[PDB]
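Reviewing the structure listed below.
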Amino acid sequence: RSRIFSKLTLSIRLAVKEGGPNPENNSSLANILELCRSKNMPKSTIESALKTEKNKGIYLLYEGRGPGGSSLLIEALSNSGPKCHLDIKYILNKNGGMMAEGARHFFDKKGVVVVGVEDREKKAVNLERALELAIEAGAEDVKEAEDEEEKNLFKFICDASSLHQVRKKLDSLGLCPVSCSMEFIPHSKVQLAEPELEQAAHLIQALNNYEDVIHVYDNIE
C-alpha cells in the first residue's frame with residue numbers, strides 16, 4: 001500500500017539520521033528495510049529513501065489535546081516545520097482538538113524491557129518478585145501485560161538513558177528479557193465514553209493520514 005510505503009520512507013530517513021545509511025552498521029535501519037521488503041516496497045523507493053541527505057527534513061514532536069481532554073503526541077518528519085505546525089493545528093482544530101501551546105511535555109520517552117513470567121530456572125515470577133527485581137535493576141515501573149497469543153508478560157519501564165543497564169541487570173538477576181524498545185509514556189491517562197472515543201479515533205486517523213506524520217501517541221484508556 002502506498003500510504004504504508006510513504007510512512008516506511010519516513011522511518012528509513014529517520015533511521016539514517018540516527019545511525020547512517022549502512023544497515024550493517026545500523027541494526028534499526030536493517031530491521032526497517034526487512035519490513036519494507038516484507039511489504040513488497042520497490043527497491044527504487046527504498047534506495048531513494050536511503051540516499052536522501054541526512055540533513056533534509058526536521059524531526060518534530062507536537063503535543064495537542066483531543067476530544068475528551070485527551071492528550072496527544074504527534075511525531076513527524078517534515079521539509080517545512082511551519083507548514084507542518086500549521087497543518088497539524090488545522091487538523092486538530094477541525095476535529096475538535098487543539099494544539100498545546102508552549103513546552104507542555106505531557107509525554108516522556110521511556111525505555112521498556114519486556115520479560116516472561118518464568119525464571120532461567122523455569123520457575124514462576126509473580127508480581128511481588130518482579131517488583132523487587134525492578135527496584136534492584138533500577139526500573140521506574142512494572143506493568144503486567146499480555147501478548148497476541150495470548151500469554152502473560154512483564155513490562156519493566158525505565159529511564160530512556162538506562163535502557164542498556166536495565167536489560168543487563170534483569171538478565172543477571174535471572175529474568176528472561178524478550179524485547180527492548182523505546183516508548184512515549186503519558187503522565188496520566190483519561191477514560192473516554194463511546195461518542196468521545198469515536199471522535200478521538202477520527203482525529204487520530206486524520207493525523208495519521210497527514211503526509212509528514214510517522215506516529216500519533218495518545219493517553220486514552
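How things are named: the first chain in the C-alpha cells is A, the next is B, and so on; residues count from 1 in each chain; ligands count from 1 in the order shown.
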
Q. Out of segment 21-203 of chain A, which residues get alpha helix (DSSP H) from DSSP, as number ranges by chain?
A. A: 27-38, 43-50, 81-94, 127-137, 163-172, 194-203

Q: Considering only C-alpha atoms, return as a list in words whatever protein or nucleic-acid residues lie within 9 Å of segment 126-134 of chain A, sequence-local ones (same chain, fewer than 2 positions apart) excluded.
A: residues 117, 118, 124, 136, 137, 138, 139, 140, 141, 142, 144, 154, 156, 157, 166, 169, 170, 173 and 175 of chain A

Limited to N, CA and C atoms, could you put the picked residues into a file as a compact mmCIF listing (two decimals), in the first residue's frame?
```
# COMPACT_ATOMS: atom_id res chain seq x y z
N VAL A 117 7.26 -14.56 32.33
CA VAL A 117 6.87 -14.78 33.72
C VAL A 117 7.58 -16.00 34.29
N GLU A 118 8.69 -16.41 33.66
CA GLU A 118 9.47 -17.56 34.09
C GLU A 118 10.94 -17.21 34.17
N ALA A 124 8.26 -19.83 38.40
CA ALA A 124 7.31 -18.74 38.27
C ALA A 124 7.89 -17.44 38.81
N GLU A 136 15.89 -3.46 42.23
CA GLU A 136 17.31 -3.79 42.15
C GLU A 136 17.89 -3.48 40.79
N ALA A 137 17.09 -3.54 39.73
CA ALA A 137 17.59 -3.24 38.40
C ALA A 137 17.52 -1.76 38.05
N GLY A 138 16.86 -0.96 38.88
CA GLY A 138 16.70 0.45 38.59
C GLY A 138 15.54 0.78 37.68
N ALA A 139 14.56 -0.09 37.58
CA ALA A 139 13.38 0.19 36.78
C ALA A 139 12.42 1.06 37.58
N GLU A 140 11.83 2.02 36.90
CA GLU A 140 10.91 3.00 37.44
C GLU A 140 9.49 2.48 37.63
N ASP A 141 9.07 1.46 36.90
CA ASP A 141 7.67 0.99 36.95
C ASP A 141 7.65 -0.41 36.37
N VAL A 142 6.64 -1.19 36.74
CA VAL A 142 6.44 -2.54 36.18
C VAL A 142 4.96 -2.70 35.85
N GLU A 144 1.91 -5.38 34.28
CA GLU A 144 1.52 -6.73 33.88
C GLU A 144 0.80 -6.66 32.54
N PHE A 154 5.72 -9.29 31.59
CA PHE A 154 6.03 -8.15 32.45
C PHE A 154 6.71 -7.09 31.61
N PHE A 156 8.92 -3.82 32.10
CA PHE A 156 9.75 -3.08 33.04
C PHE A 156 10.05 -1.74 32.37
N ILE A 157 9.58 -0.63 32.96
CA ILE A 157 9.74 0.70 32.36
C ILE A 157 10.94 1.39 33.00
N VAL A 166 19.52 -1.70 32.38
CA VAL A 166 18.41 -2.41 33.00
C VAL A 166 18.23 -3.79 32.39
N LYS A 169 20.89 -5.95 33.87
CA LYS A 169 20.69 -6.34 35.26
C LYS A 169 19.58 -7.36 35.36
N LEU A 170 18.49 -7.15 34.62
CA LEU A 170 17.36 -8.08 34.69
C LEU A 170 17.80 -9.48 34.29
N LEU A 173 19.87 -11.00 37.10
CA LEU A 173 19.02 -11.37 38.22
C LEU A 173 18.19 -12.61 37.93
N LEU A 175 15.89 -13.08 35.15
CA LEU A 175 14.70 -12.91 34.33
C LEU A 175 15.05 -13.06 32.86
```

Contacts of residue 174 of chain A at 8 Å or less, counting only C-alpha atoms, minus same-chain residues fewer than 6 places along, as a short mmCIF file (atom, residue, chain, number, x, y, z; two decimals) with C-alpha atoms, in the first residue's frame?
```
data_model
loop_
_atom_site.label_atom_id
_atom_site.label_comp_id
_atom_site.auth_asym_id
_atom_site.auth_seq_id
_atom_site.Cartn_x
_atom_site.Cartn_y
_atom_site.Cartn_z
CA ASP A 119 12.99 -17.52 35.55
CA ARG A 120 16.07 -19.04 33.89
CA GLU A 121 15.36 -21.92 36.30
#
```

Q: Name the residues in contact with segment 182-198 of chain A at a cut-off of 10 Å, using only C-alpha atoms, excluding same-chain residues fewer than 3 positions from it; report them as a VMD selection string.
A: chain A and resid 66 to 73 105 to 113 157 to 160 163 201 to 204 217 to 221

Okay, now the selection with C-alpha atoms, as a tab-separated table (two decimals), in the first residue's frame?
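Just written: out_17.tsv:
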```tsv
chain	number	residue	atom	x	y	z
A	66	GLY	CA	-8.18	15.71	21.63
A	67	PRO	CA	-11.94	15.32	22.24
A	68	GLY	CA	-12.46	14.45	25.87
A	69	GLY	CA	-9.48	16.24	27.38
A	70	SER	CA	-7.22	13.58	25.93
A	71	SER	CA	-3.59	14.35	25.29
A	72	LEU	CA	-1.79	13.66	22.01
A	73	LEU	CA	1.82	13.43	20.78
A	105	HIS	CA	5.84	17.79	27.68
A	106	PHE	CA	2.99	15.55	28.79
A	107	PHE	CA	4.73	12.51	27.20
A	108	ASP	CA	8.20	11.25	28.20
A	109	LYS	CA	10.34	8.90	26.15
A	110	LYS	CA	10.99	5.83	28.31
A	111	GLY	CA	12.84	2.56	27.96
A	112	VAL	CA	10.81	-0.66	28.05
A	113	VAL	CA	12.14	-4.21	28.68
A	157	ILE	CA	9.74	0.70	32.36
A	158	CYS	CA	12.86	2.80	32.81
A	159	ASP	CA	14.74	5.99	32.03
A	160	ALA	CA	15.46	6.02	28.30
A	163	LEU	CA	17.74	1.01	28.82
A	201	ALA	CA	-10.34	7.81	16.58
A	202	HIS	CA	-11.47	10.12	13.78
A	203	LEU	CA	-8.99	12.81	14.85
A	204	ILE	CA	-6.18	10.25	15.25
A	217	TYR	CA	0.58	8.70	20.55
A	218	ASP	CA	-2.38	9.13	22.92
A	219	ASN	CA	-3.28	8.68	26.62
A	220	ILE	CA	-6.73	7.20	26.10
A	221	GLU	CA	-7.54	4.27	28.37
```

Q: Mind checking which residues fall within 9 Å of residue 153 of chain A, counting only C-alpha atoms, ignoring those fewer than 2 positions away in the same chain, and posting them as JSON, numbers by chain?
A: {"A": [114, 115, 116, 117, 143, 144, 145, 146, 147, 151, 155]}

Write the residues of the selection above to a file with C-alpha atoms, as a compact mmCIF listing (two decimals), in the first residue's frame.
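Final output, saved to result_15.txt:
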```
# COMPACT_ATOMS: atom_id res chain seq x y z
CA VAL A 114 9.56 -6.97 28.21
CA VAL A 115 10.24 -10.18 30.16
CA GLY A 116 8.47 -13.51 30.55
CA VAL A 117 6.87 -14.78 33.72
CA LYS A 143 3.25 -3.34 34.22
CA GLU A 144 1.52 -6.73 33.88
CA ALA A 145 0.72 -7.30 30.20
CA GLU A 146 -0.27 -9.93 27.59
CA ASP A 147 0.98 -10.58 24.06
CA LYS A 151 0.31 -15.22 27.37
CA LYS A 155 6.89 -4.71 31.10
```

Q. Do you know which residues are at most 7 Å from residue 50 of chain A counting only C-alpha atoms, after dropping those on the same chain fewer than 5 positions away, and could you put them as a list in words?
A. residues 12, 13 and 21 of chain A

Store the residues picked out above in a file with N, CA, C and O atoms, as a PDB file, in the first residue's frame.
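Dumped to result-v7.pdb:
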```pdb
ATOM      1  N   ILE A  12      12.712   5.107   7.234  1.00  0.00           N
ATOM      2  CA  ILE A  12      14.067   4.910   6.724  1.00  0.00           C
ATOM      3  C   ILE A  12      14.893   6.154   6.971  1.00  0.00           C
ATOM      4  O   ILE A  12      15.977   6.092   7.551  1.00  0.00           O
ATOM      5  N   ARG A  13      14.345   7.313   6.594  1.00  0.00           N
ATOM      6  CA  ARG A  13      15.027   8.582   6.723  1.00  0.00           C
ATOM      7  C   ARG A  13      15.376   8.886   8.170  1.00  0.00           C
ATOM      8  O   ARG A  13      16.472   9.368   8.463  1.00  0.00           O
ATOM      9  N   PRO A  21      23.417   5.300   6.722  1.00  0.00           N
ATOM     10  CA  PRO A  21      22.662   4.565   5.690  1.00  0.00           C
ATOM     11  C   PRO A  21      23.065   3.109   5.474  1.00  0.00           C
ATOM     12  O   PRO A  21      22.458   2.449   4.615  1.00  0.00           O
TER      13      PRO A  21
END
```

Q: Please identify all polymer residues within 8 Å of segment 14-17 of chain A, counting only C-alpha atoms, omitting same-chain residues fewer than 6 positions from it, and present them as a ChimeraX atom specification.
A: /A:26,28-29,50,54-55,59,77

Q: For atom CA of residue 180 of chain A and atom CA of residue 39 of chain A, determine how far apart the two atoms are, in Å to one decimal place.
A: 23.5 Å

Q.
Please extract the residues of segment 84-123 of chain A with a backbone DSSP assignment of strand (DSSP E or B) and present them as a ChimeraX atom specification.
A. /A:98-99,107-116,118

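Take atom CA of residue 101 of chain A and atom CA of residue 6 of chain A: the distance between them is 28.7 Å.
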
(Q) Calculated over only C-alpha atoms, which of the candidates A:181, A:11, A:95, A:205 has the smallest distance to residue 30 of chain A? (A) A:11

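The shortest atom-to-atom distance to residue 58 of chain A, with only C-alpha atoms taken into account, belongs to A:81 out of A:97, A:20, A:81, A:42.
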
Q: State, in Å with one decimal place, the distance from atom CA of residue 176 of chain A to atom CA of residue 122 of chain A.
A: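 Computed distance, atom CA of residue 176 of chain A to atom CA of residue 122 of chain A, equals 9.8 Å.
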